[PDB]
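Architecture and fold: a report
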Amino acid sequence: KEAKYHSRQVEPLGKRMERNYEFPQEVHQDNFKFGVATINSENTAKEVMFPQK
Amino acid sequence: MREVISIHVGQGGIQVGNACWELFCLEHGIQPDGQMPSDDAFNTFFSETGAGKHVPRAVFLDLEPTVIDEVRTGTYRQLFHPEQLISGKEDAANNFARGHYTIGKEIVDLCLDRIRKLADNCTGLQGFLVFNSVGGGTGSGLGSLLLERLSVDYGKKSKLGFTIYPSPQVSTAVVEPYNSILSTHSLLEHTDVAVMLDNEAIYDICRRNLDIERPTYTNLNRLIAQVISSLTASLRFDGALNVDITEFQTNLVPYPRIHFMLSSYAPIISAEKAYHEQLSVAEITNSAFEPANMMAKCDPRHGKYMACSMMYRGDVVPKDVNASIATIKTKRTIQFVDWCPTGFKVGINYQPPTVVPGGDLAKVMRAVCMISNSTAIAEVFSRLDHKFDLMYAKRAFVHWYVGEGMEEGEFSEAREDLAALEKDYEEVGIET
Amino acid sequence: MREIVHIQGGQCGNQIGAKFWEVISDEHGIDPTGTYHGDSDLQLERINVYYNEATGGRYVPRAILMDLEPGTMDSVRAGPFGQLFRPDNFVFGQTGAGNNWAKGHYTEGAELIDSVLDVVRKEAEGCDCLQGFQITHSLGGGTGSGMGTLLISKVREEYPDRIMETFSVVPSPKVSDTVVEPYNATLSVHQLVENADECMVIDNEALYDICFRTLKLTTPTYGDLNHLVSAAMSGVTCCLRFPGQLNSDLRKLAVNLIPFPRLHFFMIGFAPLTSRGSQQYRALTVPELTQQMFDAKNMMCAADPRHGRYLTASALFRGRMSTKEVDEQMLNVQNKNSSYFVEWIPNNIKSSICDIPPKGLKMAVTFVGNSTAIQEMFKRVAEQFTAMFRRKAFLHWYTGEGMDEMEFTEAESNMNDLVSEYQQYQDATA
Amino acid sequence: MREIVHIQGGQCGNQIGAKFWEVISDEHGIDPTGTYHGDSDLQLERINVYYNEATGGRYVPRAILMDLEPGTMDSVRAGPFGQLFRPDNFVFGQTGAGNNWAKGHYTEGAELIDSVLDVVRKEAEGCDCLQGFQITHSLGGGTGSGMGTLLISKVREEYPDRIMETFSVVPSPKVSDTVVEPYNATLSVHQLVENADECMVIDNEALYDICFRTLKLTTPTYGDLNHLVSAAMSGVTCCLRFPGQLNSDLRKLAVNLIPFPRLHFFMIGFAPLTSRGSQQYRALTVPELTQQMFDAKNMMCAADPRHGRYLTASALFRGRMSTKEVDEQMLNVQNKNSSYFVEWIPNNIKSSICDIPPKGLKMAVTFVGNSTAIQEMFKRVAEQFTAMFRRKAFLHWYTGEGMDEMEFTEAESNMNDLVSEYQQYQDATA
Amino acid sequence: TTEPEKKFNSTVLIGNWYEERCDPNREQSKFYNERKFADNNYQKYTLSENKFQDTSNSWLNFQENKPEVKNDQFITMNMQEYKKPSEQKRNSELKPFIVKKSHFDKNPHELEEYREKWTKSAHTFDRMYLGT
Ligand SMILES: Nc1nc2c(ncn2[C@@H]2O[C@H](COP(=O)(O)OP(=O)(O)OP(=O)(O)O)[C@@H](O)[C@H]2O)c(=O)[nH]1
Ligand SMILES: Nc1nc2c(ncn2[C@@H]2O[C@H](COP(=O)(O)OP(=O)(O)O)[C@@H](O)[C@H]2O)c(=O)[nH]1
Ligand SMILES: Nc1nc2c(ncn2[C@@H]2O[C@H](COP(=O)(O)OP(=O)(O)O)[C@@H](O)[C@H]2O)c(=O)[nH]1
Ligand SMILES: [Mg+2]
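Residues numbered from 1 in each chain as written, not as in the entry; some residues may be left out. Chains lettered and ligands numbered in written order. Part of a larger assembly, values for the part shown. Heavy atoms only, no water. Residues with missing side-chain atoms left out of burial classes, pairs and counts.

For this entry, the PDB record names cryo-EM as the structure determination method and reports a resolution of 4.1 Å.

Here it is in structure tokens:
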């Protein structure tokens, strides 16, 4: 009953301040881990020479 | 085959070692009982008991029983070896002479016995890590005595000191400048590498980046543990460019006296506002050098840079590292010492950071931990010298020290040593 | 026959060799299990140049992996093609050198080198008649730069008539990863110049430039760099292992590239190199192979070849072609760029032809050039060295393991003299 | 099957035997009802060594319980595992000895020993090939120290060829329990040097300090001390009962540890001993076992073994391990402690290996040592005896049964001769 | 600063408490989670037992509770090593570095995809020798 003081959902006891966002739960819940991207590795690296074709 | 021994003294060191040991155990997947559920990287920190669990290579020392007993009764009761948790009976009570002349002399023998019984099992000892808050009597005294004993008992083995100097204005005790300056004199000629960890900087980082306005000690300990893991991960995780403990002092120490470095870590963002951005390598390495993110309350813009060693962990690429370092060199606000054309050392590791459930930190691929030797560090020594001088002008609190057996004239020697140290810094900092 | 052994040290050298042996095995049709599975008879025709036989008919390379830290071999043994190497040949210390030249050359290297020298002696007496030694190492690392060159001295003092080959990866200031490259680099090259019969230099920044510009792939890797360097390795000796119009060995190159005994530092290059998307637009011809082989941007070094004059050049062609096109176009390129070729040595370009091209390609070219442009590398390295040394920075750690500043003074004086001597002939006129 | 019979008298001997038989039954899987319920077949080939077979498939120990008072046997029969002993092997008087050696060795012992001699003879020809006798008793008491030693004399007269070992609980000066120890202590110790082939000393003070320092248990009782002694004595004859790589019996130990007929006093020790907190936290290896077994404070005797030099030592490893490590451990401990070993005899440490570790462990070590530091206990006892005898205190109680001071003087003289002759080898140089 | 004799029941921090807390015969060994480990009263309304360490009842023969010990405690070298030449395998413990078990030994499928992946793939050996 004191939860809604505008001082609880802010500056809580050693915890995250409740910036209440809503993430897309269809993804993003199991093992997603931030970052810009997977730094997409260039297709073909070591067979550009000796093309094997 | 490669191992390092960890020493904790003073309740601050104990409480930060606790945080280090949740993090290492969770990183290696070991449950609190010490058993592994289901290669041999753990050999860096742990040792097989012969059948089943693993035991850490750590020792805890204190003259006050409460913290050690809380450790013995906490959730990690079944992990630590029972007779390496050395506890005394009566606390030093912020008196450096108490912890260095009367009470610590009785416990140093047991500590040395345990250190020997740990080192004989080890075969490829990399070195020692030591944790101790500086402003406390028992911490300073036992750190000094242990370091002095070890330097003559073992000789040339590397030793790393993770010291927490007092904040510029924020303070807890009222006499901690005295024991801080004394312990600094003691460890100046005994420690190969000492790092700065004044707490007010961590409070600022937690307030700004983590956005927690009332942080508790656990968060600070968690950050320090993350930094330790970042430093050490190269020994127990494969990487494209690995660096050992011995590959720190060979590249960070221009002169034998100058071995105090300050560290920074990045990225520090909560999971709440990290999903919204990308955190590329260039911006994380810029934030690493950004002055307010240094966990030492010193302004790097007020002095020159001497040497920078940075560890990248995750999926970083050497071309990206070179592209970032070129921009850092191009930037004008940061200038290096004249007689070092190149001053960067770079390490790269694959295993991305781990996150503790219920913690504040967030789980990314790319992380950077930077350790810098710079000429700007003289400010903290000057301000502590001033605080010492104001108190020592009228011999305040001197009786509490002189009645414990420590000689009156010892303070003058430490004062002269500090003056010599700042003289050496200002002499090195000039260009040719 | 005219057989040559492989030894390697330092992590950079081990990474280079771990892919060079892959290239050799792929060319000769040898599986990672050591059993031949090729199709042609010429594949086993000169397998002796690099391989030994064991009971049961399996092949083993004669390479000796040697250093102070076991982690890199712990990695490479689990890696691809790590099963070929003889498990006895691995020799590693338990301390590591910590990128300190003193620790890698005086206190740990001298102690450890007895076993590796013994195994080298055994492998040397094993062959019917040795041709020479070839080395892969990096000059920026402590254990490599020190222990490798000490081993070179020890091998030279016993085998004064054989050939010495070194592939040295020198530190360029553009991509710097350590703080102490100049010291150990100059210390290593001091001893290297007196004993090595041939040394050619490679640059990581130059390799990055090649990978960005010619192949145009967005994410280069150490594997890619090692592979192209290994192709350069193979192209030198392919003529020694396969028949051709004009067979030319290591001693051929030695007599034909070195006018004076102290000028044995080279820069190399490989052609063709094309991007994946443009590989079908190019129509493989000797003319374009030559124009690419002489491109300045295609060199594997930071040295700019048009900043100086070529003392001599050599080309190794692989594949089937007429000799008339090759030598006529060699004359053409010599005439059109006569300003960049020294005048008192007429006809200063070697041509050699081998009838077996590399895998998957019809024609290939390997270029080795001795020119005066390489002085810039030593100039910048010496500048860094003197900047660090004038203040005695990082010096007491080198001094604490038996050396003094007199050695460093001698090294810098010798290298400055070397640079002056190397540039002397550039302005020499007939 | 080279069996041995067991004899015990006095309260201490009865308690030690009660715990020893419990330990042996636990090792061999025997119920308190005497029914076998083991798992492996290795528990039955040598079950006849300690147990005779009765009707119904049950087993009975071949032990003799002897005393001057009925309370001791009334307690042991009521205690656990009291159903193993047959009622016939109990033998007791009705008067008691009262710590009076004369009463237990001249008046009551002489008239009572006929029955015990009869029963021990019956048990002796019960077995096919007797191996020897083992006795457990205390010298500081009356009935044990008198009647048991007189029985020792009689049995040695009857069987000169068999071997007799004794486990003697001597009075320790620190833990003083009775006021008339030195008299009967000297009187007993005289009568062992002529008969006992092996004697092993045990001290209650040493047991207490072991429990307080190594075990760190707050409230030890006599049960734990008995358990320690039972384990230590059981580890002696493991090789005789179980297969192993190097079998060794009591005769081997005697020949291998006795340089001269009058030096048959030993101090024993057991390993590994650790507290309850550190049960899982330390590793069981041959180096750790051999490091602990040679600790000065781990011995079962109050004497400090680092004040003298060993003549011979013997170790009986149990479990499965490598023999090279064992032998190298003895060689290392012999080289690092050359000052604590007599020099004119080389290789004075014996090794034995049995493949069956005790229940609840995986390796164990029993150590038996003959060293010149054992004489301190005899010197202290001699001092007490002389000081108490110069005033003829308590002497009339002994003289009241035809006992004379002439043989008191002879006993103390012979014991002093023992001390002198046994310590003169400490400084003997070849 | 020396050891004190027993003064208080095991449950306090007077000297030498840990051992008798580890001892299982004492009723103190086995404590409750709501005893300490408690943020607030309303969170939990039923106890749970946690037990103090994992120690056997008898100080000696302390390697009990390990199922492997009973299994391997009655084996000797002869039965261990001389079983039968038909189904005998080597039990010696070689040097760690010699048994690294490289990647292709770890997974064989890579091995047979390789070869026709990159071995014997499009070699063109043309020799201009007039006799050949
Ligand atoms: N960052 C951090 N600092 C701590 C911690 N604990 C104590 N400190 C600092 O240490 C200073 C005093 O030293 P303490 O560690 O508390 O105690 P001590 O050094 O062992 O000396 P004593 O008080 O005599 O026991 C305080 O001013 C704190 O700022 C901790 O857990 N984390
Ligand atoms: N070609 C190649 N060079 C590498 C690789 N890894 C590191 N290097 C080079 O090795 C140099 C550092 O050498 P270092 O490790 O100190 O030599 P060490 O002391 O003998 O181990 C760097 O300048 C890199 O350019 C690789 O995988 N391939
Ligand atoms: N270790 C041990 N010592 C005992 C035990 N019972 C008695 N003693 C020792 O034996 C001594 C007394 O022996 P005593 O009973 O008079 O021998 P007795 O007269 O022959 O029966 C005391 O000093 C005790 O220390 C026991 O159960 N265990
Ligand atoms: Mg405290």
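**Points about the overall build of chain E**
For clarity, the cut-off: Counting from the N terminus, the helices are the DSSP runs of H or I reaching at least four residues and the strands are the DSSP runs of E reaching at least two. Values of the radius of gyration come from C-alpha atoms, whereas the globule rule sets the reference at 2.2 Å times the count of residues to the power 0.38. Contact between two residues is taken to exist if any of their heavy atoms lie within 4.5 Å; hydrogens are not considered.
Per the secondary structure count, chain E includes 5 helices and 0 strands. Along chain E, helices (α) and strands (β) appear in the sequence α-α-α-α-α when read from the amino end. Relative to its length of 132 residues, chain E is extended, with a C-alpha radius of gyration of 33 Å against a globular reference of 14 Å. Across its three principal axes, chain E shows a C-alpha extent of roughly 110 × 55 × 40 Å. Sequence-distant contacts in chain E: of pairs separated by 6 or more residues, those separated by 24 or more amount to 18%.

**Concerning the interface of chain D and chain E**
What counts, and what does not: Buried area adds together the accessible area that both of two parts lose upon being put together, with accessible area traced by a 1.4 Å probe. Salt bridge, as used here, is a side-chain nitrogen of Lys or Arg placed within 4 Å of a carboxyl oxygen of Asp or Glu. N or O atoms within 3.5 Å of each other form a polar contact, as long as, within protein, one can give a hydrogen and the other can take it, and as long as residues adjacent in sequence are counted only when both atoms are side-chain atoms.
Across the boundary between the two partners, chain D contributes 35 residues, which contact 29 residues of chain E. Interface area for chain D against chain E, summed over the two sides, is near 3000 Å², with a carbon-plus-sulfur share of 57%. Interface area lost by chain D to chain E is led by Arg276(D), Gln279(D) and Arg320(D), which between them contribute 25%. If you look at where chain D meets chain E, you find 1 salt bridge. One salt bridge connects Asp23(E) with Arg276(D), and the closest N-O pair in it is separated by 2.9 Å. At the surface where chain D touches chain E, the tally comes to 13 residue pairs in polar contact. If you list the elements that add at least two residues to the side of chain D that touches chain E, you get α6 (204-215) and α7 (222-234) of chain D.

**Here we look at the state of the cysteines**
Test applied: When two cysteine sulfur atoms are found within 2.5 Å, that pair is recorded as a disulfide.
Applying the stated rule across the entire model yields 0 disulfides over all chains. For the unlinked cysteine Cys25(B), the closest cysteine sulfur is that of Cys20(B), found at 11 Å. Free of any disulfide, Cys239(C) has its nearest neighbouring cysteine sulfur in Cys354(C), separated by 4.8 Å.

**Things to note about a nonpolar patch on the surface**
Basically, it comes down to this: A patch consists of residues whose relative accessible area exceeds 30% and which take part in no salt bridge; residues with like charges are grouped when within 9 Å of each other, and nonpolar side chains (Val, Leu, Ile, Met, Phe, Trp, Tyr) when within 5 Å. The method behind every accessible area is Shrake-Rupley, applied with a 1.4 Å probe, and residues are considered shielded solely by the protein chains displayed.
Together, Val174(B), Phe397(B) and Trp400(B) make up an exposed nonpolar region whose accessible area comes to about 360 Å². Take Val174(B): it is sitting in the loop between β7 (158-164) and α6 (176-188).

**Quick word on the pattern of salt bridges**
To keep things clear, this is the line we draw: Throughout this description, buried means an accessible area under 20% of the type-specific maximum (1.4 Å probe, protein chains only), exposed means over 50%, and partly exposed covers the range between.
For the structure on display, the rule yields 45 salt bridges over all chains. Notably, a salt bridge pairs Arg149(B) with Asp153(B), separated by 3.9 Å at the nearest N-O pair. Highlighted residues: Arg149(B) and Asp153(B), both in helix α5 (residues 137-153), separated by 4 residues, approximately one helical turn. On the basis of relative accessible area, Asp153(B) is assigned to the partly exposed category, the value being 47%. Here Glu45(C) and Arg46(C) are joined by a salt bridge, their closest N and O atoms 3.1 Å apart. With relative accessibility at 35%, the residue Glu45(C) sits in the partly exposed group. The exposure class assigned to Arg46(C) is partly exposed, which follows from its relative accessible area of 22%.

**Here's the deal with the site of ligand 1**
All names here are of chain B. Heads up, the rule is: Think of it this way: one heavy atom of a residue within 4 Å of a molecule or strand is enough to make that residue near it. Three categories are distinguished: nonpolar for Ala, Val, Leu, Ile, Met, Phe, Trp, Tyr, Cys and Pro, charged for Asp, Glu, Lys and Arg, and polar for the others, with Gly belonging to the last.
For ligand 1, the set of nearby residues contains 17 residues, the closest of which are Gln11, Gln15, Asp91, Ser133 and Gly136. In the model, an oxygen atom of ligand 1 is placed 3.3 Å from a nitrogen or oxygen of the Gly12 main chain. The separation between an oxygen atom of ligand 1 and a polar side-chain atom of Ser133 is 2.5 Å. Those elements that provide at least two residues to the shell around ligand 1 are α1 (10-28), α5 and α8 (217-236). For the shell around ligand 1, a count of residues per class yields 3 nonpolar, 13 polar and 1 charged.

**Some thoughts on the site of ligand 2**
Residues and elements named next belong to chain C. In the vicinity of ligand 2 there are 15 residues, among which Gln11, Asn99, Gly144, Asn204 and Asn226 approach most closely. Between ligand 2 and the protein, one listed contact pairs an oxygen atom with a side-chain N or O atom of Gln11 at 2.8 Å. Here an oxygen atom of ligand 2 sits 3.1 Å away from a polar atom, N or O, in the side chain of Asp177. Here ligand 2, which alone exposes 590 Å², has 90% of that area covered by the protein. Within the residue set of the shell around ligand 2, elements represented by two or more residues are α1 (10-28), α5 (142-158) and α8 (222-241). With 5 residues, α1 is the single largest residue contributor to the shell around ligand 2. For the shell around ligand 2, a count of residues per class yields 3 nonpolar, 11 polar and 1 charged.

**Some points on the sheet that holds strand β1 (residues 3-9) of chain B**
All names here are of chain B. Note the threshold: Here, strands pair whenever DSSP counts at least two bridges between them. Where helices are involved, their axes are fitted lines through C-alpha atoms of the stretch in contact, as for all axes, and angles between N-to-C directions lie from 0 to 180°.
Reading across the sheet, the 10 strands line up as β5-β4-β1-β6-β7-β8-β9-β12-β10-β11 and stay open at both edges, with mixed pairing between neighbours. The sheet terminates laterally at β5 (85-87) and β11 (344-349), the two strands that pair on one side only. Taking the axes of each pair of neighbouring strands and ignoring which way they run, one obtains an average angle of 20° across the sheet. Bridge count for strand β9 (residues 260-266) against strand β12 (residues 367-374) is 5 bridges, and the pairing is antiparallel. Across the sheet, the residue bridging to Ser264 is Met370, located in β12. Against the sheet, α5 contacts β1, β4 (58-62), β6 (125-133) and β7, and its axis sits at roughly 145° relative to β1.

**Regarding the sheet that holds strand β10 (residues 310-318) of chain D**
All names here are of chain D. Ordered in space as β5-β4-β1-β6-β7-β8-β9-β12-β10-β11, the 10 strands form an open sheet in which the pairing is mixed. Looking at the sheet topology across the chains shown, the edges are occupied by β5 (90-92) and β11 (349-354). The mean angle between the axes of side-by-side strands here comes to 20°, regardless of whether they run parallel or antiparallel. Where strand β4 (residues 63-67) meets β5, 3 bridges bridge the pair, whose relative direction is parallel. Note that in β5 the partner of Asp67 across the bridge is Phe92. Lying on the sheet, α7 is in contact with β6 (130-138), β7 (163-170), β8 (198-203), β9 (265-271) and β12 (364-371); it crosses β9 at an angle near 105°.

**What to know about the packing of aromatic side chains**
Which entries qualify depends on this criterion: Any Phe, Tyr or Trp ring, taking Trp's six-membered ring, that has another such ring centre within 6.5 Å forms a pair; planes under 30 degrees apart are called stacked, those over 60 apart edge-to-face, and the others tilted. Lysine NZ or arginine CZ positioned within 6 Å of the ring centre and within 35 degrees of the ring normal marks a charge as sitting over the ring.
According to the stated counting rule, one finds 71 aromatic pairs over all chains in the structure shown. Aromatic pair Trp21(D) and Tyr50(D): ring centres 5.7 Å apart, planes at 90°, arrangement edge-to-face. Here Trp21(D) is found in helix α1 (residues 10-28), whereas its partner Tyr50(D) is found in the loop between α1 and β2 (51-53), with 29 residues between them in sequence. Relative to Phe341(D), the ring of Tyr310(D) has its centre 5.3 Å away and its plane inclined at 25°; by these criteria the two rings are stacked. You can see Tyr310(D) sitting in strand β10 and its partner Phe341(D) sitting in the loop between α11 (323-336) and β11, a full 31 residues away along the chain. Exposure class is identical for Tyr310(D) and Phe341(D). Each is buried. Over the ring of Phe336(B) we find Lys329(B), and its NZ or CZ is 5.9 Å from the ring centre. One cation-aromatic arrangement involves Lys392(D) over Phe389(D); the distance from NZ or CZ to the ring centre is 5.1 Å.

**Observations regarding the arrangement of the chains**
Across the 8 pairs of chains that are in contact, the largest number of contacts falls between chains D and E. If you take every C-alpha in chain A and every C-alpha in chain D, the smallest gap between them is 36 Å, and the two do not touch. What separates chain C from chain D at the closest point of their C-alpha atoms is a distance of 23 Å, and the two make no contact.

**Structural notes on the environment of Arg383(B)**
All names here are of chain B. Checked against the element boundaries, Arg383 lands in helix α12 (residues 378-392). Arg383 sits in the partly exposed class, given a relative accessible area of 22%. Spatially, the C-alpha atoms of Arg383 and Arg332 are 28 Å apart, while their sequence positions differ by 51 residues. With sequence-adjacent residues up to four places away left out, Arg383 is seen in contact with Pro166, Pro168, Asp198 and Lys297.

**Some words on a negative patch on the surface**
Rules: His is not counted here, nor are the chain ends, while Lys and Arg score as positive and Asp and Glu score as negative. The atoms used to mark charge sites are NZ of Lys, CZ of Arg, CG of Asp and CD of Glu.
Together, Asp404(C), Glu405(C), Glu407(C), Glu410(C) and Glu412(C) give the surface a local cluster of negative charge. Structurally, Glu407(C) is set in helix α14 (residues 405-424).

**Remarks on the pairing of strand β6 (residues 130-138) of chain C**
All names here are of chain C. The cut-off we apply is this: Viewed with both strands pointing away, a crossover whose connecting path from the first strand over the helix to the second turns clockwise is right-handed.
Within β6, 9 of the 9 residues are buried, which leaves it mostly tucked inside the rest of the structure. Where strand β1 (residues 3-9) lies against β6, 6 bridges are found, and the strand directions are parallel. Within β6, the position partnered with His6 by the bridge is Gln134. Crossover β6 to strand β7 (residues 163-169) through α5 is right-handed.

**Considerations on the environment of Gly34(B)**
All names here are of chain B. Counting through the fold element by element, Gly34 comes out in the loop between α1 and β2 (46-48). In this structure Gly34 comes out as buried when scored by relative accessible area, which is 0%. Along the sequence, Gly34 and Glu3 sit 31 residues apart, while their C-alpha atoms lie 18 Å from each other. Residues in contact with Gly34, not counting those within four places in the same chain, are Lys53, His54 and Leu79.

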